[PDB]
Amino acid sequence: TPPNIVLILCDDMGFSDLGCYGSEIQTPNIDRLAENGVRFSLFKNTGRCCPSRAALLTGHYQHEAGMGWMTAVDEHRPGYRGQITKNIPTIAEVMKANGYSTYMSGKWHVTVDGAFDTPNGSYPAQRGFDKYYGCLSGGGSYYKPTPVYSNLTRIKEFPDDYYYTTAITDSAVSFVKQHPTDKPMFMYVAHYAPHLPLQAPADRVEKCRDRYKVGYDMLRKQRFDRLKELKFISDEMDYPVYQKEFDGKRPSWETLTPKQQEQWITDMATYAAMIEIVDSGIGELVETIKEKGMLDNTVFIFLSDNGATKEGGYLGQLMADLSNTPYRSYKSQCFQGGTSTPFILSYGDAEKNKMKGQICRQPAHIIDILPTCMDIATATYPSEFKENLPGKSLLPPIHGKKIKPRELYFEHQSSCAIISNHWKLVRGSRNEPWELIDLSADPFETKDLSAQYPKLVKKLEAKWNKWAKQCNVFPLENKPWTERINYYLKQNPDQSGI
């Protein structure tokens, strides 16, 4: 059979949150996949949950798939349907067409929020997955997610010790146990952790608490120094302290009150525990693949949907500053902090890892997941659809072939970016000017060159506008969350996603 693929996606995890990307968070099972396999330094995602999940599932830019913004509202306009289109197959439908058994555990977040009570054609088990267990929602608690579905069956009752991360791991383990080993398996594990709220069993929090007592300044510099030791960042690079995003008043650890420090420690220890429990679960899933005799014919892939968030509030922004090290800004904008993710690709067969323990510096985007999975599987695109995938297989550069130049596109809430070769043109919103960043010299986006290269600003801006028009990105929208939902509910309260 062609190789099994286990595709693991964490939620709002920052660039340096894994041990193998310089973390104080202990991720021994993920780090072992990295040691066996390859880590990417320049893998980017969209900056937000629903767009990243649409792009991952389709291999297309988010607006082409109908998810320019979020499942919170269907805007009833091209690019912004709050839901993945029927008109582009998902990775599950592609793998199924090539004889794969398809399983998904965890967070979907590409079905319109108004369609949570009855399947509307966009549910996981209607879009290529033979088995699904998880919550369709992008939000909610670890103790009672809603709505939870087993395929198309609504689950209303939960055992008294329910924890969503544990249920995701246990459902994935159960799918592998039941998997007929004469068939290839495609397994998507969409973890909720470390998405808010901050919830974890007390023993795992207390296991993490001590290391956070030193505060974020000591921990953040230590992550930076580990990123140099690990060869993610050149020895000469200065430790970046970001002031712009804190309105010029970034509070040093010593500036917080005792009560604020104690709350930051508890919050970050809880965040760490949430990731450690995912890592324990990855351990369990790897153990199950071994027991089933599947390891030597399995490929593991790990990434995050978007950078760490400041949505938790003031102390949450300081958590996200630490998590996104060395990069600026957060989830929901197109700077490096919101868009940079770890990316690991690990063959269970040691001999199939041609860059064992190394970093691959191929620039890449979450659109690359589907063509990479099709290359692993020697899979053909379903014959009823024209194959127009904009992304690239990432297999050639980890099998010794030369890095290829990329042109990558970003938009979220009128935050916009194009990466073209070593250049990044980026804006925080339509209310902020384009900034031109030389990523080769200035990966932390600290020095705007736009005044120095006005012709290049114009060329990159024109490339971005051509992409945006072609992908149904326009018009841009930046109304904040509640105002935006109310506006489009008023325009058209049909949130059925039919």
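Numbers for residues come from their place in the sequence shown, where the first is 1.
K.L.:
Using only the Cα atoms and their B-factors as the entry lists them, report which of 469-477 and 448-456 averages higher.
P.N.:
According to the entry, 448-456 carries the higher average C-alpha B-factor.
K.L.:
Mean CA B-factor: is it higher for 350-358 or for 403-411?
P.N.:
That would be 350-358.
K.L.:
Quick one: which of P147, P201, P363, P124 shows the highest Cα temperature factor in the PDB entry?
P.N.:
Of the options given, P201 has the highest CA B-factor in the PDB entry.
K.L.:
Sort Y271, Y330, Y192, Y314 by C-alpha B-factor from the entry and give me just the highest.
P.N.:
Among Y271, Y330, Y192, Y314, the highest C-alpha B-factor in the entry belongs to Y314.
K.L.:
Classify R77 as lowest, middle or highest third according to the C-alpha B-factor given in the PDB entry, relative to its own chain.
P.N.:
CA B-factor rank for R77: highest third.
K.L.:
What third of its chain, lowest, middle or highest, does the C-alpha temperature factor of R211 fall into?
P.N.:
For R211, whose C-alpha B-factor we compare with every modelled residue in the chain, the answer is the highest third.
K.L.:
For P433, does the deposited CA B-factor place it in the lowest, middle or highest third of the chain?
P.N.:
Answer is highest: the recorded C-alpha B-factor places it there.
K.L.:
Please say which third, lowest, middle or highest, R53 falls into when its CA temperature factor is compared across its chain.
P.N.:
For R53, whose C-alpha B-factor we compare with every modelled residue in the chain, the answer is the lowest third.
K.L.:
Sorting the chain's CA B-factors, does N486 end up in the lowest, middle or highest third?
P.N.:
Tercile = highest for this residue's CA B-factor.
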